[PDB]
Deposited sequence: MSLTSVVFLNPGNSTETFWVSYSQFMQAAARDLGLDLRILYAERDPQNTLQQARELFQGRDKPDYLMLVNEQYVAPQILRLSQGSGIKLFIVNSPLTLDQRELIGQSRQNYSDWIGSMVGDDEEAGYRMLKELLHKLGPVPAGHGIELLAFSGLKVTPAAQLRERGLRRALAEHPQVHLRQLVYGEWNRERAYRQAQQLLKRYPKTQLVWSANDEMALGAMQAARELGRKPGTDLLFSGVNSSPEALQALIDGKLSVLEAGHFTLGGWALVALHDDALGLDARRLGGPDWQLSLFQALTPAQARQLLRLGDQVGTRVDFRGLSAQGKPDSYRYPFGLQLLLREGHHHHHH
């Protein structure tokens, strides 16, 4: 069977990355692919070592999938030379420096931009001499997911001078860290009305700090987040979390459909390869959140991956990759 090894950067207990893995496994089973997922447990050096040893060992996989980063990815690209293994870079774009090797990315910048626009929309009027104070919690500073989401935030801020970013801190995707930072920041900047977070874990942490200070998430203080953890989905449904961008946890599954087809020789143009650019993020509605909450990591089982394959498909067929395939 076509074999793929994916180097997962998260912890084996990290909600988002586990959901990403579970969706891929559902795709692997349906597509008849031999998939192995190696967790870095949040230390990029482990990803590098896992790749280094894979290239030096026997029984190499047909494909090696990895998340792009500015320090480890380049080294893995150089080490892969002459390995015979096909590489697939996901989640963020290949750089000019880095430029068979394909890639697949989502729309992180749009998510960062839309979160602020959505928060501003829900907050509603109040202007005329009054500023709208904002706190921002980003992820790991050196990661493209954080950089791209922040770029989107910066674009929205440039369009809304009334919004005053009092401070942007790096919560490193960590809930307790954001919680600790929020305890201090929300006390220092009591006029804060908006809290933009690059992920849901951090939003939930900041929300707890907010409740402890007497603030009311969803009413007098609005929060945004990215991902679809059970707690975040429930908070969105309850109205405590105001905006939740979700959908990118499905990227790995779509990637396997693409690799499955590449192995069959169904590649080239038309289908969108070898560097796919997808729009996966959606600001979830309570109804959609309810569906995702009920299904959890079993959501992939309702997706007909083999049906997404271009195999035996008429032309003009473009992959319909999206969250809608899960909510039908």
Ranges missing from the model, given as deposited sequence positions: 1-2, 102-113, 343-350
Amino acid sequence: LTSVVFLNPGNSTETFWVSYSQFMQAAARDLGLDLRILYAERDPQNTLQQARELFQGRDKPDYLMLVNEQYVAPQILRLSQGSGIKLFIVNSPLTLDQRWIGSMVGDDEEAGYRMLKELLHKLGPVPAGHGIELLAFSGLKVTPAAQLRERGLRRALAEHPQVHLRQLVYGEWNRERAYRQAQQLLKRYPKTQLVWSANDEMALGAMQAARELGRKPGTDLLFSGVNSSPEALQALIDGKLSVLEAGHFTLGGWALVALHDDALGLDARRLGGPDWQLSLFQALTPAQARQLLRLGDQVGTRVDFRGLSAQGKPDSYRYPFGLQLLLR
From here on, numbers count along this sequence of modelled residues.
Once average C-alpha B-factors are taken from the entry for 52-60 and 285-293, the winner is 52-60
For 298-306 versus 36-44, entry-based mean Cα B-factors point to 298-306
Which listed residue, 259, 268, 27, 280, has the largest C-alpha temperature factor in the record? 268
Identify, among 217, 190, 247, 93, the residue whose C-alpha carries the highest B-factor in the deposited PDB entry. 93
With respect to C-alpha B-factor, does residue 103 fall in the lowest, middle or highest third of the chain as deposited? middle
How does the C-alpha B factor of residue 223 compare with the rest of the chain: lowest, middle or highest third? lowest
Taking only the Cα B-factors deposited for this chain, tell me whether residue 112 sits in the lowest, middle or highest third. lowest
Lowest, middle or highest third - CA B-factor, residue 137: lowest
Lowest, middle or highest third: where is residue 200 by C-alpha B factor in its chain? lowest
